[PDB]
Amino acid sequence: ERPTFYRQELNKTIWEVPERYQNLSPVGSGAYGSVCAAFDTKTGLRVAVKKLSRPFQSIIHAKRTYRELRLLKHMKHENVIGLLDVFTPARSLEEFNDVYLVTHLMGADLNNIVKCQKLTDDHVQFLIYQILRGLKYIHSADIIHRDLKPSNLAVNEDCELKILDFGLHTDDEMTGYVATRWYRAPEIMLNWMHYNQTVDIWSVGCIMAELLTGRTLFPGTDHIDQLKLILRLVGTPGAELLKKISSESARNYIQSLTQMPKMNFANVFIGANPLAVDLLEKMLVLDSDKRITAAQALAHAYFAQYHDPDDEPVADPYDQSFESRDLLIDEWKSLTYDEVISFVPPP
Ligand SMILES: C[C@H](Cn1ncnn1)Nc1ncc2cc(Oc3ccc(F)cc3F)c(=O)n(C)c2n1
């Protein structure tokens, strides 16, 4: 049956949650809502509870709310954030206005681990292996993260990693000298073309380099500065890639730049494992068609000690036909409500 709910004011709003969740404490903002840490007395777990802010404010908001719930409900993988619970205090569709999402509370993100310092090669292997294992799963369901960065990669004390915020930033927060843009594939940063899953592999390359050196790979001061930093490392595009830039304006800008050859990665990443260098070379390819995939990267010799083809699962089919569907607010809201009430908690 329905649990008993209790009320509490936390992040400028009244949080109404089942009794099972105790000791609620603000821990910052998440995607499209604020997060509280809590103790789940039913499971004995420390949990993160996110209350979405104005989930049904507009069509865009309502569809976004449905999207996140659909994504979280589908993900059942060790290296991907999953849904422990989803609830509403509402007793019917007509009273339904708030959505609460519950997941594992994670101790630290990759920003906290890096802390301006180099990690050991074995630590890099294990961390990057888990990101790729998670990405293989996500990509197998035709989901693209689109915004992988250290701040959405979370880790427990044993360095077991989970990927947060997949499949979901404004122009302002992408402006200037900001970590929000440093990990983005050039094709999405400058809207060169219809992009796909390979954008995420670029992001892994940027993250892996930073784990190895303790420094941001492409810390651009703006979009243009960042492109110049990228092209200095990987070389300016060839005729083959240029043709694929469907944006006439973006392609015309590219051709104005003085040509530069790809640099020697062994001279860039001094002292690094030669196998790490080789992998970086295969991830940080400008033409996205030619980047190593997650499944291929798991088989690369760098992960020899972690790779197990029988323990790198793929996802069940994910129906996202809703993405091309035009609906009214109340219709997105009703779809969302159905998904809330039909939720079954994990083992
Ligand atoms: C490292 C990071 C921050 N932190 N808080 C306490 N200690 N470290 N931990 C953490 N754990 C879980 C989430 C969940 C987050 O979002 C959610 C996603 C899905 C969900 F069901 C519930 C959520 F709260 C989130 O946005 N952040 C930033 C998180 N951070």
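Counting convention: from 1, in listed order, for ligands and their atoms alike. Residue numbers count from 1 along this sequence. Hydrogens, waters and symmetry mates are skipped; everything else that's a heavy atom, side chains included, is used.
Of all the atoms in ligand 1, the ones that sit under 4.0 Å from a non-hydrogen atom of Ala108 are 1 (C). Interface of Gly30 with ligand 1, defined as ligand atoms under 4.0 Å from a residue heavy atom, comprises 26 (O). Of all atoms in ligand 1, listed by their number and element, those nearer than 4.0 Å to a heavy atom of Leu164 are 13 (C), 14 (C), 15 (C). Close contacts between ligand 1 and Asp109 involve ligand atoms 1 (C) [criterion: under 4.0 Å to a heavy atom].
The residue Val86 has no part lying near ligand 1, judged by heavy-atom distances below 4.0 Å. Residue contacts with ligand 1, taken as heavy atom pairs separated by less than 4.0 Å, do not involve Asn112 at all. The parts of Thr103 lying near ligand 1 are both backbone and side chain, judged by heavy-atom distances below 4.0 Å.
Under a 4.0 angstrom heavy-atom cut-off, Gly107 registers as being in contact with ligand 1. Close to ligand 1: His104, with a non-hydrogen atom less than 4.0 angstrom away.
For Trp202 and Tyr183, the ring centers sit 6.0 Å or farther from each other. If you look at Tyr21 and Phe87, their ring centroids are closer than 6.0 Å.
Residue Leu83 has no nitrogen or oxygen atom sitting less than 3.5 Å from a nitrogen or oxygen atom of ligand 1, judged on distance alone.
The nearest protein atom to atom 25 (C) of ligand 1, hydrogens excluded, is given as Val35 CG2, 4.0 Å; this is a heavy-atom distance. At the shortest separation from atom 28 (C) of ligand 1 among protein heavy atoms lies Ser29 O, 4.3 Å. Closest to atom 7 (N) of ligand 1, if we only count protein heavy atoms, is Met106 O, 3.3 Å.
Between the side chains of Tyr66 and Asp338, not a single donor N or O lies within less than 3.5 Å of an accepting N or O. In summary, the side chains of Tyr195 and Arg146 do present a donor paired with an acceptor at a separation below 3.5 Å, with no hydrogens or angles considered.
Counting heavy atoms from C-beta on, the side chains of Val99 and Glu68 never come closer than 4.5 Å.
Open room surrounds CD on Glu78; 12 or fewer heavy atoms of other groups in view lie less than 6.0 Å from it. Counting non-hydrogen atoms of neighbouring residues, nucleotides and ligands closer than 6.0 angstrom, the CZ atom of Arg2 exceeds 12 such neighbours.
The aromatic rings of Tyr137 and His74 sit tilted relative to each other, their planes meeting at an angle between 30° and 60°.
A salt bridge links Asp311 and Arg133; the closest N-O separation between the charged side-chain nitrogens and carboxylate oxygens is under 4.0 Å.
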